[PDB]
Amino acid sequence: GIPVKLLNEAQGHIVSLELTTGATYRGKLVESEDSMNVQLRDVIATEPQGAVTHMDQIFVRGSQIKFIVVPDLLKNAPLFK
Amino acid sequence: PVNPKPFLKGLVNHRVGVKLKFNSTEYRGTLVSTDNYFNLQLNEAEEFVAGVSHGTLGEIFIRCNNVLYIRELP
Amino acid sequence: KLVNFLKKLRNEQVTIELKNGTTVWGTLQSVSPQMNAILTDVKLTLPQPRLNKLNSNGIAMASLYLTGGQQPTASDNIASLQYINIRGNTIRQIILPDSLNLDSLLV
Amino acid sequence: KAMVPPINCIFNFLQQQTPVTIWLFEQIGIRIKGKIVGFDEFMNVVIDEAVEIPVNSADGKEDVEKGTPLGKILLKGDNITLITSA
Amino acid sequence: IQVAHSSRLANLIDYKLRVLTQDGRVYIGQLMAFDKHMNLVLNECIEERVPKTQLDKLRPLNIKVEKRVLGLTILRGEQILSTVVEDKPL
Amino acid sequence: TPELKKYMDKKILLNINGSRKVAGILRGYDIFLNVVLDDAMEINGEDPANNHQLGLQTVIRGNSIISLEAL
Amino acid sequence: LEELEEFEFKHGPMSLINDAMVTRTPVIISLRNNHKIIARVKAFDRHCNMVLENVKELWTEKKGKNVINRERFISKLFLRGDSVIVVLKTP
RNA sequence: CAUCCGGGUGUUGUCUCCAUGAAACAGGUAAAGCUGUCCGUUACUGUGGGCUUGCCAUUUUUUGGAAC
């Protein structure tokens, strides 16, 4: 359905994940899958308690993702037509 | 070697101990039957909570997702 | 089989009790093959001891407030909603009405 | 020098009869030592000479000295986090 | 707002929904899409949560909920408890 | 498949379930995100004194992997 | 193929649940929320979804140094199966 | 640079043939299928039609690591 297609359409934009562990990763979406497995690059990780750590890449298993925030300019991508 | 389904099919009519994921509860009893999903049925089974016997229960069914491990008993 | 039986409880006044303790009373308008349940004129409730045990039920009370239906500041946590759609995995039990002729539905 | 599939690594544990240590899924406080003797497509594993090893809360080391013998057990794959040699 | 009793999720596109998640938060936004897993796309999404400091007021009232403005947001279906309609389309 | 090809034969740090961390050379992977590690080490805190070498072969079950970071 | 599950329900572990249904004797079902249900099984499926009659639900609350044995009666109930831990035949 | 023999499309009128549950009355408009008004049907179930293409509990979603 459309939510996975929207995620694959976010590829190359900055997206922000929150995980089930509560952590937040903001970075450029490199790759995505029907599982919602995502790769991020050039990533700012916010620990749930507020700590901030920078990582060059992260791969996240899709089952551990809670929500993904994508850029708003995707609202009129062809997939919604 | 012995795979999980043949091993558990070989424990039928023997005593087994079914440790659970939760509450430190283990049921020890004679294995009656087993499903492909590893649902279990025990007769003469009895409950142990943290190693303390809670009396016999009789004939019980255990749903597959509650089981941690099934150990053979001597 | 049995969810295809739940498909027959339309327009009956079920009580769905969820796995977090939240109790949902209302008219059952539809049920998915996956037990996703759509209800109208819903009255969300939480048991009084659940509310007292704040540490173990803070999520449930927060969700009951954040549904937006908790208008009256009554002595019990109550939410009033015209429509709710419940994801079926979260349903623990469903009280059925006494008058229901189960023999005629389970065929 | 190739991709080694995880199932083939469990089969190497089985074939070379190498003792293993198993980290349980949410039970960070206990681990299981033994020898794998069979498995399936779900990583259910049959373990010979299983011993349940407590893990120290602060140090994080394995208290082998007070481990509990279990015998041949079928450890359900939904409860396995990690399998390692020795 | 009152909505038709026969309404399914397929009908609620462009409606503003409150979507409640299993960790105690709510997401409010216009529904753009849904999936067989109940994955949801919320446009212009806002998250509200009840801080633990203010949670005692809910025990047997004014609650100061914390908000984040998210924007276009994908919710993963397993995290969702239930969804409630807040507002009609424009 | 998990497209983990990028990570093969490189060091990775995996955050796994239970707030545990494991570092190792990715030896291979699976549709479920199961992975094999060479040279695996359990990570406890910052001090290397609390880190523990695991073994030659380590298999990690895919649902236990929360995340992995390239190193 | 339905003739397969017909057999797994007659000879596999769920045969116990089936005998409870056929002979109409009650069973004690332990739930994941620490509640016990003593009820008569009217119908079940492979998930251990159940439709039950004469449900008597028992659970114990904690109020500090003392506990209370709570109890309920439900005329008829649907139980989602994933909450089932152990189904025990009443002796 | 013209004439001539011809052509398309749109709108309105007219002519011929065939038809004629509601075509009454009033307003408005370039006009009307516009407004008041009138007629029929529909809301629940069954059958039928059309669409979706779902069915055709085992690690990434929905048959519970939860509960304390």
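In what follows, chains carry the letters A, B, and so on, assigned in the order in which the sequence lines appear, proteins first and then strands, with residues in each chain numbered from 1.
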Looking at every non-hydrogen atom in both residues, tell me the closest pair between F:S67 and A:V60 and how far apart they are. OG-CG2, 4.0 Å
Who are the side-chain contact (heavy atoms from CB on, under 4.5 Å) partners of A:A10, not counting sequence neighbours? A:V15, A:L29, A:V70, A:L74
Salt bridge flag under 4.0 Å for residues D:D78 and B:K21: yes
Side-chain contact test, heavy atoms from C-beta onward, threshold under 4.5 Å: evaluate it for A:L7 versus A:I68 and give yes or no. yes
Pairs involving residues 14-30 of chain C, ordered by first then second residue, that meet salt bridge (charged side-chain N to carboxylate O under 4.0 Å, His left out) (sequence neighbours left out): C:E17-G:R72, C:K19-G:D82
So CZ of E:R68 and SG of E:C45: to nearest 0.5 Å the spacing works out to 10.0 Å
If a pair satisfies salt bridge (charged side-chain N to carboxylate O under 4.0 Å, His left out) and one of its residues is in residues 35-57 of chain A, list it, with sequence neighbours excluded. none
C:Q93 vs G:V55 side-chain heavy atoms within contact, under 4.5 Å: no
Residue pairs passing the side-chain hydrogen bond (donor to acceptor under 3.5 Å, both in side chains) test with at least one member in residues 58-81 of chain A, sequence neighbours excluded, are A:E18-A:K66, A:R61-A:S63
Closest heavy-atom pair and its distance - E:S7, C:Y83: O-OH, 2.8 Å
Could you tell me if the side chain of C:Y65 sits less than 4.5 Å from the side chain of E:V65, heavy atoms only? yes
Would a 4.5 Å heavy-atom cut-off, applied to side chains only, mark C:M35 and C:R87 as touching? no
Please list all pairs meeting salt bridge (charged side-chain N to carboxylate O under 4.0 Å, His left out) that have one or both residues in residues 33-60 of chain C, counting only residues at least two apart or in different chains. none
Taking C-beta and beyond as the side chain, do A:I2 and E:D35 meet within less than 4.5 Å on heavy atoms? no
Begin from the C-alpha positions of E:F34 and E:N39 and carry the test side-chain contact (heavy atoms from CB on, under 4.5 Å) through to its verdict. CA-CA 6 Å; E:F34 76 101; E:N39 302 309; over 6 Å; no
So C:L44 and C:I78, side-chain contact (heavy atoms from CB on, under 4.5 Å) or not? Walk me through it. CA-CA 6 Å; C:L44 303 184; C:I78 305 276; over 6 Å; no
For the residue pair B:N23 / B:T25, report whether a side-chain donor-acceptor contact shorter than 3.5 Å exists. no
Do F:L68 and F:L13 come within less than 4.5 Å of each other through their side chains, counting heavy atoms only? no
What pairs with E:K52 under side-chain contact (heavy atoms from CB on, under 4.5 Å), at least two apart in sequence or on another chain? none
Would E:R49 and E:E47 count as a salt bridge (charged side-chain N to carboxylate O under 4.0 Å, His left out) here? Give the steps. CA-CA 7 Å; E:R49 72 180 75 176; E:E47 176 190 90; 2.8 Å; yes
Considering only distance and modelled atom types, tabulate donor-acceptor pairs under 3.5 Å from the side chains of residues 10-20 of chain E, sequence neighbours left out.
residue, atom, partner, partner atom, Å
E:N11, OD1, E:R8, N, 2.9
E:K16, NZ, E:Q30, OE1, 2.9
E:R18, NE, C:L66, O, 2.8
E:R18, NH1, E:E86, OE1, 2.8
E:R18, NH2, C:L66, O, 2.9
E:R18, NH2, E:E48, OE1, 3.1

Please list all pairs passing the salt bridge (charged side-chain N to carboxylate O under 4.0 Å, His left out) test where one or both residues lie in residues 26-36 of chain A, with sequence neighbours left out. none
Side chains of G:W59 and G:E61: donor-acceptor distance under 3.5 Å anywhere? yes
For the student: nearest non-hydrogen atoms of E:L55 and C:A62, plus distance: CD1-CB, 4.2 Å
List the steps, then state whether side-chain contact (heavy atoms from CB on, under 4.5 Å) holds for D:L24 with D:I30. CA-CA 7 Å; D:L24 304 190; D:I30 57 165; 3.8 Å; yes
Under the side chain to side chain donor-acceptor pair (under 3.5 Å) criterion, do A:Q39 and F:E3 qualify, and how do the steps go? CA-CA 9 Å; A:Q39 295 167 43; F:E3 218 277 299; 3.0 Å; yes
For a quick test of reading the model, state the closest non-hydrogen atom pair linking C:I91 to C:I86 and the distance between them. CG1-CG2, 3.9 Å
For C:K8, does the NZ atom have more than 12 heavy-atom neighbours from other residues, nucleotides or ligands under 6.0 Å away? yes
I need the full list of side-chain hydrogen bond (donor to acceptor under 3.5 Å, both in side chains) pairs touching residues 69-78 of chain C, with sequence neighbours left out, sorted by first then second residue. C:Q48-C:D76
So which heavy atom on G:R80 is nearest to which on C:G88, and how close? NH1-O, 3.2 Å
Who are the side chain to side chain donor-acceptor pair (under 3.5 Å) partners of C:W25, not counting sequence neighbours? none
Taking only residues at least two apart or on different chains, which pairs with a member in residues 58-78 of chain A satisfy ring pair (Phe, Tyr, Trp, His ring centres under 6.0 Å)? A:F67-E:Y27
If I compare all heavy atoms of A:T21 with all of A:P48, which pair ends up nearest, and what's the gap? O-CG, 3.5 Å
Measuring from atom CG of C:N20 to atom CE of C:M61, what distance do you get when rounded to the nearest 0.5 angstrom? 11.5 Å
Considering only heavy atoms from C-beta outward, does the side chain of F:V22 approach that of F:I60 to under 4.5 Å? yes
Starting at CG of C:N52, measure out to NZ of G:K62 and round the result to the nearest 0.5 Å. 14.5 Å
Can any side-chain N or O of G:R70 pair as donor or acceptor with the backbone N or O of G:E57 at less than 3.5 Å? no
Count the heavy atoms of every other residue, nucleotide or ligand shown that sit under 6.0 Å from NZ of E:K57, and state whether that count exceeds 12. yes
If we ignore angles and hydrogens, is there a donor and acceptor under 3.5 Å between the side chains of A:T46 and A:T24? no
Just by modelled atom types, is the F:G62 backbone N or O under 3.5 Å from a matching donor or acceptor in the F:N34 side chain? yes
With the side chain counted from C-beta on, respond yes when C:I94 and C:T15 share a heavy-atom pair under 4.5 Å apart, and no when they do not. no
Could you state the interatomic distance from CG (D:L82) to CD1 (F:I65), rounded to the nearest 0.5 Å? 9.5 Å
What pairs of residues pass the side-chain hydrogen bond (donor to acceptor under 3.5 Å, both in side chains) test when at least one of them lies in residues 26-38 of chain C, not counting sequence neighbours? C:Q13-C:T27, C:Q29-C:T40
Please report the interatomic distance NZ(F:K6) to CG(F:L26), rounded to the nearest 0.5 Å. 13.0 Å
Ignoring hydrogens and geometry beyond distance, is a side-chain donor-acceptor pair present between F:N17 and F:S64 at under 3.5 Å? no
Does F:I43 CD1 have over 12 foreign heavy atoms under 6.0 Å away? yes
Using 0.5 Å steps for rounding, measure from the CD1 atom of F:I16 to the CG atom of F:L14. 7.5 Å
Stepwise, does the side-chain contact (heavy atoms from CB on, under 4.5 Å) test hold for E:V41 with E:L72? CA-CA 7 Å; E:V41 178; E:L72 184 59; 3.6 Å; yes
